[PDB]
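Structural overview
These are the residues of each chain, in order.
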Amino acid sequence: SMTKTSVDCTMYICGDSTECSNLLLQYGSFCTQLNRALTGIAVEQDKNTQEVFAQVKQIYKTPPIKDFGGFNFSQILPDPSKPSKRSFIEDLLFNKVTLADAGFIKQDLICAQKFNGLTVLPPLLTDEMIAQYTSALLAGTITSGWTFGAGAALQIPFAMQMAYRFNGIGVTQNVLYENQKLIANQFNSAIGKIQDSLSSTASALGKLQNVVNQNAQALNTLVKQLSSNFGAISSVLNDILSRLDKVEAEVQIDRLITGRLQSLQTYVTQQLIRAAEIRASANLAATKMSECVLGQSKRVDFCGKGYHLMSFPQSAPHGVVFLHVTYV
Amino acid sequence: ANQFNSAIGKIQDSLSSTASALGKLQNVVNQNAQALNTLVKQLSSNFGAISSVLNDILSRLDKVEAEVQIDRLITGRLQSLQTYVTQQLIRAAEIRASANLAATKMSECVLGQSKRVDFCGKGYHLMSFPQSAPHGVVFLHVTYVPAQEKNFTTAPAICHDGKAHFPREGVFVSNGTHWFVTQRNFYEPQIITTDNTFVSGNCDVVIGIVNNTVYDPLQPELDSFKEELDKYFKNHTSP
Amino acid sequence: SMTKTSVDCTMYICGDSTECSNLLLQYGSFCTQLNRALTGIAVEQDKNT
Amino acid sequence: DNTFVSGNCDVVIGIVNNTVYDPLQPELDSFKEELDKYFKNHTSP
Amino acid sequence: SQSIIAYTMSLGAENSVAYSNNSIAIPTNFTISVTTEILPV
Ligand SMILES: *[C@@H]1O[C@H](CO)[C@@H](O[C@@H]2O[C@H](CO)[C@@H](O[C@H]3O[C@H](CO)[C@@H](O)[C@H](O)[C@@H]3O)[C@H](O)[C@H]2NC(C)=O)[C@H](O)[C@H]1NC(C)=O
Ligand SMILES: *[C@@H]1O[C@H](CO)[C@@H](O[C@@H]2O[C@H](CO)[C@@H](O[C@H]3O[C@H](CO)[C@@H](O)[C@H](O)[C@@H]3O)[C@H](O)[C@H]2NC(C)=O)[C@H](O)[C@H]1NC(C)=O
Ligand SMILES: *[C@@H]1O[C@H](CO)[C@@H](O[C@@H]2O[C@H](CO)[C@@H](O[C@H]3O[C@H](CO)[C@@H](O)[C@H](O)[C@@H]3O)[C@H](O)[C@H]2NC(C)=O)[C@H](O)[C@H]1NC(C)=O
Ligand SMILES: *[C@@H]1O[C@H](CO[C@@H]2O[C@@H](C)[C@@H](O)[C@@H](O)[C@@H]2O)[C@@H](O[C@@H]2O[C@H](CO)[C@@H](O)[C@H](O)[C@H]2NC(C)=O)[C@H](O)[C@H]1NC(C)=O
Ligand SMILES: *[C@@H]1O[C@H](CO)[C@@H](O[C@@H]2O[C@H](CO)[C@@H](O)[C@H](O)[C@H]2NC(C)=O)[C@H](O)[C@H]1NC(C)=O
Ligand SMILES: *[C@@H]1O[C@H](CO)[C@@H](O[C@@H]2O[C@H](CO)[C@@H](O)[C@H](O)[C@H]2NC(C)=O)[C@H](O)[C@H]1NC(C)=O
Ligand SMILES: *[C@@H]1O[C@H](CO)[C@@H](O)[C@H](O)[C@H]1NC(C)=O
Ligand SMILES: *[C@@H]1O[C@H](CO)[C@@H](O)[C@H](O)[C@H]1NC(C)=O
Ligand SMILES: *[C@@H]1O[C@H](CO)[C@@H](O)[C@H](O)[C@H]1NC(C)=O
Ligand SMILES: *[C@@H]1O[C@H](CO)[C@@H](O)[C@H](O)[C@H]1NC(C)=O
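Residues numbered from 1 in each chain as written, not as in the entry; some residues may be left out. Chains lettered and ligands numbered in written order. Part of a larger assembly, values for the part shown. Heavy atoms only, no water.

Regarding how it was determined, this PDB entry cites cryo-EM in its header, along with a resolution of 4.3 Å.

Shown next, in the form of structure tokens:
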């Protein structure tokens, strides 16, 4: 997803001016459509979120015994001891991105945004509920293989599922069992290298961070356009109205509407186009969830580089992460 | 055949009574109709000019005064069309992405048998049938879905003769007393014959292996050949 | 990938004139907004390739 | 068991020679020697 | 006596899969299902 926003167009242009509102009416419904177009964007952020994460209709829980044949999901399963029931790797990913607000109770860029009718809206599914769908998607996988996608959940021993997996990559099921302790240790070592990576490096989440950075910056740009003259005698609306009479104001105010209104249509164009970038990224993420997490993929390099075994999802700010597990 | 006919009955009955189903195609028709209405309603906007109507400014003003008014209505109607065309260009790319998706699903689900999970609808994919719609396509996707599961003890491999044995296709299960080999996607048990199974190495290495005898279906074909033989010998002792 | 493009918004709008460039300052950040829009595309043409 | 057959040995460019086992063969062979022992003992009476 | 109510959404039926190191579920019967899909063209 990207950040939800809404923009009280009449506050943005005309913050507490009856005059500016009466003149803004001369351009008919331009604000209405802008409200409707940001509404179209905002509905589809929850669609995008729900398609990626609600790919199951049951909230599967792991058994309390970790009898998984040596593989150590304790770093990707729920930590019960944290109120956010996220994994080890999730709690790294949530530290790495530092969100400029999400709508968590206002009672700084975002004070200015609020005072110009720009509001960040809360997402439909909370980071806890996303972590829960993610916990279910994972807890199904390590107990039920691909079957929990294709119908009712069917239990299977994890080492037996991995045998079928190996058949999926064109490797015969004895090869797993004759090396099972090694295969567990390599998986455990690899999960350890994702931790040791993500904890250390400052460049990893650039793909998500650049989306957030643009959302922040475009709101900051749309704020900063309020400081322009557009050739009027001030950028401050009241410094016009408290200086000039009614007739002489209408020139200056029409200049500010000519500016500000183009300032919104520009942003809402940028946001729409941006939304098409994210809608594709979400439709892809839902596809990878379907085929790599609920499945095993015979598509080359589709589920990370190498012959695909399985994938584990993890949530991140405005995003998802796929731990793709592969035989090389 | 009955379950398919029945589930096509369920398709008809579904779309017979409820309005909400075609809401995707209704939303494409509604946005296109909405935007044309919204564009038309901009012909009512003043843009500060003394009318919405071009011909009234030309019914009342001369060339010197009318240009200062007409240029307003030009500026604001051009901006209304620059907006509608930016919106429709953006929307049109949503429809393009959907048209590439609808062709890709035609390609792999109707002309084929997809192995992509949850692409051609839920279940394991058997086949799909296309149907037209106003500005769309409807796929009737047909899927096999497992229904009635039974708990079994299961084993990765069997030990019969120090050698470890594995299914060539399928899995081993116990009904709680006897070991059988069966296909992974449907319970149909069979005797663990040397034809259902292949061998690799010895039973020291396989974590969670067990003990169970493996039937070589050639053995009694020769042991019946041996009792056929030993009676030909008993006979031949008589003359 | 398509041709990368980038624009001097002052040289397109107000080419060889300070006089126009002053009247453009009144509109503020828009030229940099356009530049970023084009610099975004231009990075993505390398990325696509 | 591992292999399937088609055609005689000319048609396959880059063909080779290697003794191919039949796991049925020594099973009928060790049975031919057991049987051979039977035959012989029936000579003794 | 109908009124608008507001609630924390339930996400679906909560479950615990009957996993163990030696247990499998294999299906003895199956349903053939037909699902509609609608797309813009
Ligand atoms: C586990 O699966 C086994 C195979 O289905 C099953 O054992 C089978 O039980 C039937 C009777 O219910 C036997 O049928 C035979 O019974 C006697 C044998 O002398 C005859 O009078 C009958 O004509 C018929 O031949 C099968 O012989 C028997 N098979 C085996 C391999 O023992 C078990 O009962 C199943 N276990 C459970 C707990 O259900
Ligand atoms: C599964 O079946 C196997 C074959 O019956 C069985 O193996 C047998 O285990 C016994 C007990 O350990 C061995 O008995 C000998 O143990 C040592 C030598 O290894 C000697 O010092 C003792 O005096 C005694 O003779 C058998 O030799 C051994 N044979 C084979 C071929 O394995 C397994 O124990 C069985 N496992 C289960 C889980 O039931
Ligand atoms: C691979 O093994 C084959 C079997 O040993 C072998 O074939 C044999 O080739 C020789 C030499 O050409 C033949 O010898 C006869 O050749 C003609 C008749 O074809 C006669 O006029 C000669 O006097 C001579 O008897 C064998 O008859 C032939 N037999 C068979 C069954 O193939 C191949 O030559 C070997 N190839 C390689 C690459 O080693
Ligand atoms: C498959 O078995 C599990 C549990 O294993 C069995 O549970 C005992 C009741 C008994 O049969 C033992 O020999 C086994 O160890 C079943 O899980 C139970 O499901 C019911 C609801 O249907 C629930 O009330 C119980 O608490 C569950 N028990 C446990 C231990 O998980 C499961 O339902 C069985 N599936 C089928 C299809 O029979
Ligand atoms: C799975 O690996 C984790 C480490 O990633 C193990 O958890 C650690 O256990 C040791 C010993 O009790 C503690 O000192 C650490 O503080 C634990 N780390 C964390 C992050 O919890 C866990 O024990 C391993 N599981 C198995 C079955 O060996
Ligand atoms: C598999 O399930 C089907 C139903 O989906 C079963 O068929 C029904 O069986 C009962 C009697 O057992 C009949 O009253 C119904 O009329 C049958 N329905 C149909 C569609 O024929 C079927 O018997 C089950 N088979 C197995 C092997 O479990
Ligand atoms: C399964 O694991 C338990 C310990 O959790 C062990 O006691 C039991 O013997 C194991 N059974 C098999 C078939 O591996
Ligand atoms: C035994 O072999 C003799 C020939 O040596 C034959 O005539 C007779 O029918 C055989 N009897 C049986 C029971 O096979
Ligand atoms: C392979 O190439 C070599 C030359 O390096 C040639 O002598 C030989 O006959 C070729 N064999 C086959 C089966 O192509
Ligand atoms: C012949 O075989 C019998 C068993 O059928 C055996 O008792 C006897 O000792 C054998 N005699 C010889 C000479 O091999």
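Counting its secondary structure elements, chain C contains three helices and zero strands. Ordering the α and β elements of chain C from the N terminus gives α-α-α. Principal-axis analysis of the C-alpha atoms places the extent of chain C at approximately 40 × 20 × 10 Å. Working note: accessible area of chain C is about 3,800 Å², and carbon and sulfur atoms make up 59% of it. (Helix = DSSP H or I, 4+ residues; strand = E, 2+ residues; numbered from the N terminus. Areas by Shrake-Rupley, 256 points an atom, 1.4 Å probe, with all protein chains shown as cover.)

Turning next to the sheet that holds strand β8 (residues 197-202) of chain B. Remark on secondary structure: sheet strands pair via backbone hydrogen bonds, oriented parallel or antiparallel. All names here are of chain B. What the four strands build is an open sheet, ordered β8-β5-β4-β9; its pairing is mixed. A single partner strand is all that each edge strand has here, and the edge strands are β8 and β9 (210-211). Both strand β5 (residues 163-167) and β8 contribute to a ladder of four bridges, which runs antiparallel. If you follow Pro 167 over to β8, its bridge partner there is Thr 197. (Pairing = 2+ DSSP bridges.)

The next subject is the UniProt feature "disulfide bond" in chain B. Residue and element names in this part refer to chain B. With sulfur atoms 2.0 Å apart, the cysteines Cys 109 and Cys 120 match their UniProt disulfide annotation in this structure. With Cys 109 in helix α4 (residues 63-110) and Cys 120 in the loop between α4 and β1 (124-133), the pair connects residues that are 11 residues apart, well separated along the chain. Accessibility classification places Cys 109 together with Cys 120 in one group, the buried group. The sulfur-sulfur separation between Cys 159 and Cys 203, a disulfide according to UniProt, is 2.0 Å, below the 2.5 Å limit, so the bridge is formed here. With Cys 159 in strand β4 (residues 158-161) and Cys 203 in the loop between β8 and β9, the pair connects residues that are 44 residues apart, well separated along the chain. What makes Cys 159 buried here is its relative accessible area of 11%. (Disulfide = S-S within 2.5 Å. UniProt positions renumbered as here; feature names shortened; annotations may be inferred. Buried < 20%, exposed > 50% of the residue type's maximum accessible area, 1.4 Å probe, protein only.)

Before going further, it helps to spend a moment on the site of ligand 1. Residues and elements named next belong to chain B. The immediate surroundings of ligand 1 are formed by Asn 175, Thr 177, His 178 and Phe 180. Here an oxygen atom of ligand 1 and a side-chain polar atom of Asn 175 are 2.3 Å apart. In this structure, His 178 approaches ligand 1 through a side-chain N or O atom, which is 3.0 Å from an oxygen atom. Against a free-state accessible area of 780 Å², the protein chains account for coverage of 20% of ligand 1. Looking at the shell around ligand 1, its residues break down into one nonpolar, three polar and no charged. (Near = heavy atom within 4 Å. Polar contact = N/O pair within 3.5 Å; in protein donor to acceptor, adjacent residues only side chain to side chain. Nonpolar A, V, L, I, M, F, W, Y, C, P; charged D, E, K, R; others polar.)

A few words now on the nonpolar core. Core analysis: the largest hydrophobic core is formed by 51 residues, its most contacted members being A:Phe71, A:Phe73, A:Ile76, A:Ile142, A:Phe158, A:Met162 and A:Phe312. When residues of this core are assigned to their parent elements, the largest contribution, six residues, is made by helix α8 (residues 158-168) of chain A. (Core = buried A, V, L, I, M, F, W, Y, C linked by side-chain atoms within 4.5 Å.)

Here the focus is unusual backbone geometry. All names here are of chain A. With a phi angle near 50°, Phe 230 is a residue other than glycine that sits in the positive phi range. Positive phi, close to 60°, is recorded for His 318, a residue that is not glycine. Position of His 318 relative to the elements: it lies in the loop between β4 (307-316) and β5 (319-327).

Before going further, it helps to spend a moment on the interface of chain E and chain A. Contacts between the two partners involve 18 residues from chain E and, on the opposite side, 20 residues from chain A. Both faces combined, the contact of chain E with chain A buries some 1,900 Å², and carbon together with sulfur accounts for 61% of it. Among the residues of chain E in contact with chain A, E:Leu11, E:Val17 and E:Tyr19 are the three that bury the most area, contributing 41% of the side total. The tally of links from chain E across to chain A stands at one salt bridge. A salt bridge links A:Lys61 to E:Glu14; its shortest N-O distance comes to 2.8 Å. Here chain E is connected to chain A by 12 residue pairs in polar contact. Considered class by class, the residues forming the side of chain E that touches chain A number nine nonpolar, eight polar and one charged. As paired strands, strand β2 (residues 58-61) of chain A and strand β1 (residues 13-16) of chain E are joined by four bridges and run parallel to one another. In the strand pairing of β1(E), A:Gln58 is matched with E:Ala13. (Contact = heavy atoms within 4.5 Å. Buried area = accessible area lost by both parts, 1.4 Å probe. Salt bridge = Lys/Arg side-chain N within 4 Å of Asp/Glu carboxyl O.)

What follows concerns helix α5 (residues 219-236) of chain B. Because the α-helix completes a turn every 3.6 residues, residues three or four places apart line up on one side. In this model α5(B) runs 25 Å from its N-terminal to its C-terminal C-alpha over 18 residues, within 8% of the 26 Å that 1.5 Å per residue would give. If you check which residues of α5(B) are buried, you get B:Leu222, B:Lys226, B:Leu229, B:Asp230 and B:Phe233. Seen from one end, α5(B) has its buried residues packed into an arc of 95°, which puts them on one side. Summarising the geometry of α5(B), the exposed residues directed more than 90 degrees from the buried face are B:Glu221, B:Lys231, B:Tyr232, B:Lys234 and B:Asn235. Here the buried face of α5(B) lies against α1 (25-43) of chain D. (Expected span 1.5 Å × (residues − 1). Arc of directions from axis to C-beta.)

Residue and element names in this part refer to chain A. With respect to the helices and strands, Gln 296 occurs in the loop between α13 (246-293) and β4. On the basis of relative accessibility, which here comes to 17%, the residue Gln 296 falls in the buried class. There is a polar contact of 3.1 Å between the side chain of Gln 296 and the backbone oxygen of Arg 165. If near-sequence neighbours (up to four positions away) are discounted, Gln 296 is found in contact with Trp 146, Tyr 164, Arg 165, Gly 168, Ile 169, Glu 291, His 308 and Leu 309.

Let us look at the arrangement of the chains. Most contacts, when the five pairs of chains in contact are compared, are made between chains B and E. Separating chain B from chain C is a minimum C-alpha gap of 16 Å, and the two share no contact. One finds no contact between chain D and chain E; the C-alpha atoms of the two approach each other to within 30 Å at their closest.

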